[PDB]
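Dumped model.cif below, it's mmCIF, C-alpha atoms:
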```cif
data_run
loop_
_atom_site.label_atom_id
_atom_site.label_comp_id
_atom_site.auth_asym_id
_atom_site.auth_seq_id
_atom_site.Cartn_x
_atom_site.Cartn_y
_atom_site.Cartn_z
CA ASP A 1 12.80 8.15 3.07
CA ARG A 2 12.73 5.48 5.81
CA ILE A 3 9.49 4.24 4.18
CA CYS A 4 7.95 1.16 5.82
CA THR A 5 4.51 0.94 4.21
CA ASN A 6 3.09 -2.43 3.14
CA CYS A 7 0.22 -3.94 1.13
CA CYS A 8 -1.32 -4.75 4.54
CA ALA A 9 -2.18 -1.10 5.15
CA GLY A 10 -2.10 1.10 1.98
CA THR A 11 -5.78 2.27 1.49
CA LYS A 12 -8.86 0.07 0.82
CA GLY A 13 -9.80 1.13 -2.73
CA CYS A 14 -6.33 1.91 -4.16
CA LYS A 15 -4.22 -0.51 -6.21
CA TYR A 16 -0.89 -0.47 -4.35
CA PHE A 17 1.90 -0.28 -6.91
CA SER A 18 5.66 0.27 -7.07
CA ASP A 19 7.23 3.12 -9.08
CA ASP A 20 9.49 0.58 -10.87
CA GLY A 21 6.56 0.07 -13.26
CA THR A 22 4.84 -2.90 -11.58
CA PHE A 23 1.72 -3.47 -9.46
CA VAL A 24 2.26 -4.65 -5.85
CA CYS A 25 -1.26 -5.55 -4.60
CA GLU A 26 -4.87 -4.31 -4.35
CA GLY A 27 -6.60 -2.04 -1.83
CA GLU A 28 -7.07 -4.12 1.35
CA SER A 29 -6.99 -1.76 4.41
CA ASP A 30 -8.83 1.54 4.85
CA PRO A 31 -7.26 4.40 6.91
CA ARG A 32 -10.51 4.30 8.91
CA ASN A 33 -10.47 0.49 9.41
CA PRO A 34 -7.98 -1.17 11.85
CA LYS A 35 -6.40 -3.47 9.22
CA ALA A 36 -2.77 -2.28 9.29
CA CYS A 37 0.51 -4.06 10.21
CA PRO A 38 3.23 -1.55 11.33
CA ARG A 39 6.04 -4.15 11.30
CA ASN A 40 7.13 -4.83 7.71
CA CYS A 41 8.71 -2.35 5.26
CA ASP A 42 8.22 -2.23 1.46
CA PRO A 43 10.72 0.33 0.00
CA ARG A 44 9.66 -0.78 -3.51
CA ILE A 45 6.09 0.55 -3.15
CA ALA A 46 5.58 4.15 -4.33
CA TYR A 47 1.83 4.80 -4.13
CA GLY A 48 -1.64 3.38 -4.83
CA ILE A 49 -3.19 3.80 -8.29
CA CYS A 50 -6.78 4.36 -7.14
CA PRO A 51 -9.75 4.63 -9.59
CA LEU A 52 -10.22 8.11 -8.10
CA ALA A 53 -6.49 8.87 -8.47
#
```
Encoding of this model in C-alpha cells:
Amino acid sequence: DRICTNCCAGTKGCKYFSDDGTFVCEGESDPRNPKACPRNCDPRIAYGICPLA
C-alpha cells in the first residue's frame, strides 16, 4: 500500500525482485549505508530474494 521503494535502496545483499515473477535488480544499498533515494516509487517490486532469505 502506497509503496515507493526502489532498486536504489532495497538492501545491499538482496536481489530485488517483483512478485510478477521477474527480477528487478541486485542488492545495491544497505540499510546501514546512506545509499537511498526517497523520490521514486516502484509498485512492481515485492521483496528482495536474498541468499539468506
Care to translate the PyMOL selection byres ((chain A and resi 5) around 10) into actual residues of this file, as a JSON list (two decimals) with C-alpha atoms, keeping the file's coordinate frame?
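Output contents, as saved in part.json:
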```json
[["chain", "number", "residue", "atom", "x", "y", "z"],
["A", 2, "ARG", "CA", 12.73, 5.48, 5.81],
["A", 3, "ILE", "CA", 9.49, 4.24, 4.18],
["A", 4, "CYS", "CA", 7.95, 1.16, 5.82],
["A", 6, "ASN", "CA", 3.09, -2.43, 3.14],
["A", 7, "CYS", "CA", 0.22, -3.94, 1.13],
["A", 8, "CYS", "CA", -1.32, -4.75, 4.54],
["A", 9, "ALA", "CA", -2.18, -1.10, 5.15],
["A", 10, "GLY", "CA", -2.10, 1.10, 1.98],
["A", 36, "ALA", "CA", -2.77, -2.28, 9.29],
["A", 37, "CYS", "CA", 0.51, -4.06, 10.21],
["A", 38, "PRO", "CA", 3.23, -1.55, 11.33],
["A", 39, "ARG", "CA", 6.04, -4.15, 11.30],
["A", 40, "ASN", "CA", 7.13, -4.83, 7.71],
["A", 41, "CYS", "CA", 8.71, -2.35, 5.26],
["A", 42, "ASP", "CA", 8.22, -2.23, 1.46],
["A", 43, "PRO", "CA", 10.72, 0.33, 0.00],
["A", 44, "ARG", "CA", 9.66, -0.78, -3.51],
["A", 45, "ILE", "CA", 6.09, 0.55, -3.15],
["A", 46, "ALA", "CA", 5.58, 4.15, -4.33],
["A", 47, "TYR", "CA", 1.83, 4.80, -4.13]]
```
Please write as a list in words the full residue list that the PyMOL selection byres ((chain A and resi 48) around 8) yields on this file.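 When the PyMOL selection byres ((chain A and resi 48) around 8) is applied, the selected residues are residues 10, 11, 14, 15, 16, 17, 27, 46, 47, 49 and 50 of chain A.
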Distance in Å - atom CA of residue A:1 versus atom CA of residue A:13: 24.4 Å
Let me know the centre plus edge lengths, in Å and rounded to one decimal, of a box with edges along x, y and z that contains all listed atoms of stretch 48-53 of chain A and is padded by 6 Å on every side, as lines of an AutoDock Vina configuration file.
```
center_x = -5.9
center_y = 6.1
center_z = -7.2
size_x = 20.6
size_y = 17.5
size_z = 16.8
```
